[PDB]
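Here you'll find one protein chain in two forms, each presented separately as structure tokens under the names structure 1 and structure 2.
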Structure 1
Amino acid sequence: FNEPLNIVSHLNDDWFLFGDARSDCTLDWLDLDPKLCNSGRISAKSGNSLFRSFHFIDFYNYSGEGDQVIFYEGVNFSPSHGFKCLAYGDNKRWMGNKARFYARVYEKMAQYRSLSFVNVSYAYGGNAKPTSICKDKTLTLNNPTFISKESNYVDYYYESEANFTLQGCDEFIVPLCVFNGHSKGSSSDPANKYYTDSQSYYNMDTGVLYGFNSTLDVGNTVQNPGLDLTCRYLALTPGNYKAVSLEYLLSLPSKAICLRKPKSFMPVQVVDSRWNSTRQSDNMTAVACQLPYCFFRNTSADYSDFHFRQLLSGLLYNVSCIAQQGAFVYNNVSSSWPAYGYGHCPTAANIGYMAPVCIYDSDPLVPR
């Protein structure tokens, strides 16, 4: 009785789900029960993900607020897409970025009710403008922004800076990134001339600096491939910032995840978001989802979906307790001791079945 269930669910009506096509109600494409389409507790867009919208031009305006937050997305940025900034880049670096972004988002959404995006603007002294240096055939990155070399500079060994302000959120997730390798200015430069990308963000109000230097020696050629963007994901407080670049192109945030409304700690729930077997998936959301801030839920069957619908079907009702092992429907007794339980959780102590008169035989004239 009251074995833990492999579902995502909620303790009460105070929940919210972020998703992709498989929860996008605008119905053969859905894993989400159609009855939850009019719930007002879903932000989902087919073909998109939080990571995709965070970094690229293909943007969906995700937003939602809830005590118990659930995620069922990620797949729309995978190794099957094979995104890389440059012809001889490296998707593995982008899987790394994915993992670090989601780890930060999951961890913070255990501590805040509200997630949304804000656009970040900057003030810059020179004449140069953004350049779309990181892109491939199907995607164009636009966060961070990269500002070109000023006309008068002969090479990329220069300091450059711009100001940016974070306002309107309790905390902001921003990327701080470098091309990690021997970056090249042009093909007119000799072979042995390369750059070591350096970027920092400085909080002018507090005096705290976050810095990042390239350390690798991979390049953007068939002889020495692997140069791509390595990103860290910082949770910053509102204030006035300075983006200070010590070498190569100045970069700074164009978008932030907006975190609002602190709550008592409540772990997020994550549903594994993958393709079918014959297409390339990743487990970056699994690495990102750790105790104590996240419960990971996966099925036992390949994506071919019956099993994932029943995992999401937990969203149609309330449960007493959400724990490491799963959801406990009832609040009283169970065979398992809940670990990391939230809600009104059952005991696994021996409490027998009680009655003032125990029944042994059927009564021919009285029902039970």
Structure 2
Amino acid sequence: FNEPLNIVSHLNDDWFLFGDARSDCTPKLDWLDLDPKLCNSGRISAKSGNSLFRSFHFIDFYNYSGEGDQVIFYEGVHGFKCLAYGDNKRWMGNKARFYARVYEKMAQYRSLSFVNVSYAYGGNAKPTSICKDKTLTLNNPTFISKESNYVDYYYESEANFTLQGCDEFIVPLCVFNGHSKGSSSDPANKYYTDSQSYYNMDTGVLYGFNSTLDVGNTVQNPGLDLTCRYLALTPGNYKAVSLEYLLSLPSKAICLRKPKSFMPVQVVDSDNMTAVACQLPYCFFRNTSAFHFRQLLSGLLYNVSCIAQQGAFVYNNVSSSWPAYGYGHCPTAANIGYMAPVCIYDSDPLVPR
């Protein structure tokens, strides 16, 4: 009785679901209408063909926003690389590290949204879309061109940006990891070591990242691509300091607001980078099966009593399993006493109790 169920769910109505499916509600005989009731729900933010990761890094932005105590993620659907001879594995790594940070922090905050980050840069040089391919163009982090008067990429360069209005922000700190090239006119042995740092101007804390690999962007030596760390930053005034190659800084941040009592996120799939990202204590991964977004919605109509490592317990009283990492009102697997002294209602002259 009350076996744990392998599904994402909620304890009450205070939940929110981020998705990459079609969220909208797309008849005298009402059983022909196949929209689930939660279609168009204000507890769902979802766009077919997009995702938090895509909107965080690329031009085809969708304005994901949501607030809830129990946050749920539906993750679903060659691969992206910055350069013709890049490496998509770096992007699989970026994705795992992004969602690790998003999943972890959404166990601590009610509210997620995106904000645009502006910068102040003292030079004349402008942004350049250095990282792209045939279907997608990267715009976060922004990359700033060489000043016309510098003859090569061996220069220092900085810009200011401010983060305001949220408790914490998730931003990308990235470098091209390998032998970066300034131009194809250059010699083969002339390469650069991308180096980037963010500096809190008030606290004096520096987050830095130096390129360390030897890969490049040719058929003989391929692999050069963007490696990103995802930083959770407090609000304040920051300076992006580049010691070599192109200055990069954030153009978009995930805004985190409204702290809650720690409540693990729940994640479900239709790569396994979301699986790698979803770890205890901050995330419960569910490998649910019949898995369409439309089936998820129907499965989110009713509450459950307890959400735990093994799954969802519908009922709050007893189970054959002991809940581990339980949240909510969790059942016991103790077997219940047959009798106690309250039970008998008369003293027997000849039998003991």
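We call the rigid core whatever largest set of C-alpha positions still superposes within 1.5 Å between the two forms. Here, residue number means position along structure 1's sequence, counting from 1.
In the overlay on the core between structure 1 and structure 2, a shift of 2 Å or more in CA position is seen for a single residue of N331, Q324, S336, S313, which is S313. Core-superposed comparison between structure 1 and structure 2: the C-alpha position of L32 differs by no less than 2 Å. Relative to the superposed rigid core, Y353 shifts its CA by 7.4 Å between structure 1 and structure 2.
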